[PDB]
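Asker: here are the coordinates; sequence isn't available:
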Ligand SMILES: [Zn+2]
């Protein structure tokens, strides 16, 4: 807390030296729409995985499968922390997220030995849950990595079913303000390009765009 | 209660998938000066590299665009 | 010492740098695994440089082919993704097609079709070349069929047979 | 389930379908109460609280 | 009746797969 | 004696009864049942 | 620009400028011109004895190399301009160690004589 | 058949009063903006 100054060496250009060395150029980056309100994997940095997003099953589908279950629509819990689970979703099986990339590599007999329930067939419907729908989304990506044709995700599984207020506790790794990053300590590039990459135009909380080239606008004046 | 022990007659085979680097293609098409060099001396303030092929007479080209670069007999 | 001539090589790497200098700038190989891999990493960087100048600029005018591309901004469809050939290569292209249209129009995907088009287009680029050093770079761009990689595969095959 | 709720199961990994459980220290009849795992967890909190 | 059996099959496998944190004792 | 091995016994008896009543209303919406 | 960040053609790519001649098509020189440009005949290493010397021989193109102070500076860039048997890279050498005495008797011989000495002698 | 006939009528029929207003730049730029925003819903090539 208390507004720690950060140990990065970014700086705005002064009022004395000319603007030079335009084979790198920082400018302010402003996109069209806000993405911070959206789901975490519906944001801007995950757009390329947009076709990898699992189809959504909703609350009413989950209540209908609670009341009237199907033999091959497998409800699977993807929550990892055993200290944060307090209730049982009906007709659910426990396959925690951090083991999924190993779990689908097993045979059916090894799946039965290492989890106590049968391995789902690749044509069976699989429905995944988590606290917010984040561990279930990564698990759905791991389930779609293998050739599983029908994989669905209930976004906000436990927190809407049981009414809890929990989270999957995703870190989203951001450097500590004592950790000095790469381009300050290094002779990987020449001194002009090193000074021109480390400069920015404005405060260092917003996003910027780095230009690899620039030509002078001779047609203005 | 459980009465019978039954197995399913349809046998499934796990599709073995794996990503290997089987093709080796590369687009080698550049726009650059390429030199016949009898000697090259790269002097930047950290590392100096002296590569010499012998001759009776040499020439000298010198480039100071990024770091000191001395070329003998172009 | 290589017969007639000899080549001298001297490198000095300073003491005030080895904690901060990049592993690529100061290519120090403190193991035999780093020796064999660091040479092979610097192999392809040098080999692409001495090969890539034969077809781009500083290449022969018969060894330079360009592609034209146009993608529609709305429909996202590629229009005119062709090659830019000369008059000598286009005579090879219609010598290819007039033979194969005379063989495949009596029997058998429509009338207006180009039989084995991506094979003859890859062979028309190689046909119109005049330098063998610029010929092997097109063989590398076309699935890596150059003699550099095929003798590399032939060396690993005879090594596996000897093993 | 009695062997699995103690400290000694930490030194064992098991098959979930048919877990062959270990021989606990309470499986031997010569074991006194001071060597019991679950009692020592209760004897610790009894002196504390 | 199936929901009561399958819930006891659930929490008996959570105990088998992922063990929780062990409480404290005093070593002799 | 083997209802627990079939698709309509145990926890899935509620689905087969739900699909039986849902099949009846779709015949009751037309005049195939009420006539 | 961003197209010249990762090599080939990068900033510190020291092989983008050109290659050596590596050909007998020019500067036909004698044995004295080779002797004056020997590494071992220079003044600064003639009185240097604590750095380690390694004498190696290629069995494919038949070159004789001597490397000094490689244990302290083991640069992988050393010999990158070697250009083995037929315009091949210096990863194709397969060097074998030779002693100091048999380096001197093999330094004067041409490459075919070195390869014949390796294959049919010793 | 009435659905198909009204489909072909709204594809190929206009009146004189619409023909005086159908080329305004507001409607053309609304067409461009509607193709830009949701053209994944109505395009023969975007289904693919
Ligand atoms: Zn060699």
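Answerer: It's in. Numbers count the residues shown, from 1 in each chain, chains lettered A, B, ... in the order given.

Asker: Regarding the chain, what is its longest helix?
Answerer: No chain in the question, so chain A it is. Looking across chain A with DSSP state H, the single longest helix is helix A:135-145.

Asker: Please refer instead to chain H.
Answerer: When chain H is parsed with DSSP H, its longest helix is helix H:25-37.

Asker: Residues in contact with that one: which ones?
Answerer: C:74, H:21, H:43 (Cβ atoms under 8 Å, 6 or more residues apart in numbering or on different chains). Any C-beta I mention is one placed from the backbone N, CA and C, and that applies to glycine too.

Asker: Do I have it right that residue A:52 meets residue A:144?
Answerer: Yes. Contact between residue A:52 and residue A:144 holds when scored by Cβ atoms under 8 Å: they sit 6.4 Å apart.

Asker: Between these two, which is the more surrounded one?
Answerer: residue A:144 (17 against 13; other Cβ atoms under 10 Å in any protein chain shown).

Asker: Roughly how far does that one sit from residue A:58?
Answerer: Between residue A:144 and residue A:58 the distance is 20 Å, computed by Cβ to Cβ, to the nearest Å.

Asker: before we move on, back to that, gap between the longest helix of chain H and the chain center?
Answerer: How far helix H:25-37 lies from its chain's middle: 10 Å, per Cα atoms, centre = their mean, to the nearest Å.

Asker: Pull out the buried residues from it.
Answerer: Residues of helix H:25-37 include none that count as buried (16 or more other Cβ atoms under 10 Å in any protein chain shown).

Asker: element containing residue C:51, please.
Answerer: Using DSSP states H and E, residue C:51 maps to helix C:32-52.

Asker: ok, back up a step: continuing past the longest helix of chain A, what's the next helix or strand?
Answerer: Where DSSP H and E defines the elements, the next helix or strand beyond helix A:135-145 is strand A:151-153.

Asker: residues contacting residue A:23?
Answerer: The contact partners of residue A:23, taken as Cβ under 8 Å, 6+ apart, are A:193, A:196, A:212, A:213, A:214, G:1.

Asker: Compare those residues and tell me which is most surrounded.
Answerer: residue A:196 (20 neighbours).

Asker: right, and the secondary structure at it would be what?
Answerer: helix (DSSP: H, G, I helix; E, B strand; the rest coil).

Asker: Run a quick neighbour tally on the residue lying closest to it once chain neighbours are set aside.
Answerer: Nearest residue to residue A:196, sequence neighbours excluded (Cβ to Cβ, 6 or more residues apart in numbering or on different chains): residue A:24, at 4.5 Å. Number of residues near residue A:24 (other Cβ under 10 Å) recorded here: 21.

Asker: Pull the number of nearby residues for the residue of chain H found nearest the ion.
Answerer: Relative to the ion, the nearest point of chain H is residue H:48 (53.5 Å; Cβ to the ion). Other residues near residue H:48 come to 7 when the count uses other Cβ under 10 Å.

Asker: Distance check, it against residue C:78.
Answerer: 13 Å.

Asker: Also residue D:10?
Answerer: Note on residue D:10: its distance to residue C:78, by Cβ to Cβ, is 61 Å.

Asker: Please identify which helix or strand holds residue B:61.
Answerer: strand B:60-63.

Asker: Check which element follows that strand along the chain.
Answerer: strand B:68-72.

Asker: ok so, going back, looking at the contacts of helix H:25-37, which is nearest residue G:18?
Answerer: Proximity of the contacts of helix H:25-37 to residue G:18, judged by Cβ to Cβ, is greatest for residue C:74, which lies at 47.0 Å.

Asker: Let me know the distance separating the closest residue to that closest one other than its chain neighbours from chain D.
Answerer: Nearest residue to residue C:74, sequence neighbours excluded (Cβ to Cβ, 6+ apart): residue H:35, at 6.5 Å. Separation of residue H:35 from chain D (Cβ to the nearest Cβ, to the nearest Å): 55 Å.

Asker: what's the spacing between the residue of chain C found nearest chain D and residue A:154?
Answerer: Nearest to chain D, among the residues of chain C, is residue C:33, at 34.4 Å (Cβ to the nearest Cβ). Distance of residue C:33 to residue A:154, given as Cβ to Cβ: 48 Å.

Asker: Mind checking which of the two has more residues around it?
Answerer: Neighbour count, other Cβ under 10 Å: between residue C:33 and residue A:154, residue A:154 has more, with 24 against 9.
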